[PDB]
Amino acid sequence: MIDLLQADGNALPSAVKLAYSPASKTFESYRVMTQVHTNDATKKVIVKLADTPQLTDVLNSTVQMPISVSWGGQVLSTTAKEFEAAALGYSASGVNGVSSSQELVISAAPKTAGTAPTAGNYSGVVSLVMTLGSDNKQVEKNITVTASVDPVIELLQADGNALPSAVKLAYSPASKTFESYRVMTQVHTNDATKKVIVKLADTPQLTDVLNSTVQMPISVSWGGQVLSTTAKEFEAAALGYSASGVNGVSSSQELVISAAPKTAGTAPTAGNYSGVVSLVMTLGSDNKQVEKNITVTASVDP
């Protein structure tokens, strides 16, 4: 009665993966050349979708992306398009009952174009329906459509530049203390509803490069919170993403690195000092983290 095959003669795939590039933040469309096979090369071919196809987050039902489908140069929907028989330009030369090749295109993207897709595994179906002249001289081809957006987290300077791998704290010889390093930062994330968990991988210390026993503690605060080896969580809501501004980038958070003696009033031993702040930023429950080692130096001059 009616069927739709690859232009080969091969059966259409039951399933289809749409390759994602993190670089361009798009899915590559699935593109196949097809032919209609029929007994009846005189009736209008009526092409529709059985429902509106959606890629849906396989772990979360609120997170959707519209699938687009075209066939024969025509955007398909739940409303049927009719192709005149003569247009599909059937052969009966020696393959009798087979249309010219028509491209099937399966595309996906976010519902608001220009915005990035959420981290996740996505699943849906394209139910393609072809009839002659209505009735049920009918075929349904279902194609499973899956995609994958790998969870991703970056920490950048608020200007988009990489964080310094090396930082120098000035010493005030009057107050006997250090001037704090302060850099404005933003988290760039795929998964903007998840907690951000921030720790230090180890307790940081400035060490006298000539005297292994002369340490002074470093203090690190981020986003207004004093950090340590014990993880502190930041609710996504208290970080200031927007669903209508700079999508998937937090508001500016101040990174603050300082140093002082363990006890106030101590005269810091004259010398050059060094140490490494290891900053760990983890995406809630996505198995993704970013790690920044920052070398911290200082000189104590009398």
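One-based numbering along the sequence shown.
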Of 174-182 and 121-129, the one with larger mean CA B-factor | 174-182
Of 93-101 and 67-75, which one has the bigger average CA B-factor?
-> 93-101
Of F234, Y241, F27, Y273, which one's C-alpha B factor is largest in the deposited record?
-> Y241
Can you tell me which of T115, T229, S165, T144 has the highest Cα temperature factor in the record?
-> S165
Tell me, lowest, middle or highest third: where does the Cα B factor of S212 rank within its chain?
-> highest
Just say lowest, middle or highest third for the CA B-factor of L5 relative to the other modelled residues in its chain.
-> middle
With respect to C-alpha B-factor, does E84 fall in the lowest, middle or highest third of the chain as deposited?
-> lowest
Name the third of the chain's ranked CA B-factors that contains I46, choosing lowest, middle or highest.
-> lowest
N190's Cα B-factor: lowest, middle or highest third of the chain?
-> middle
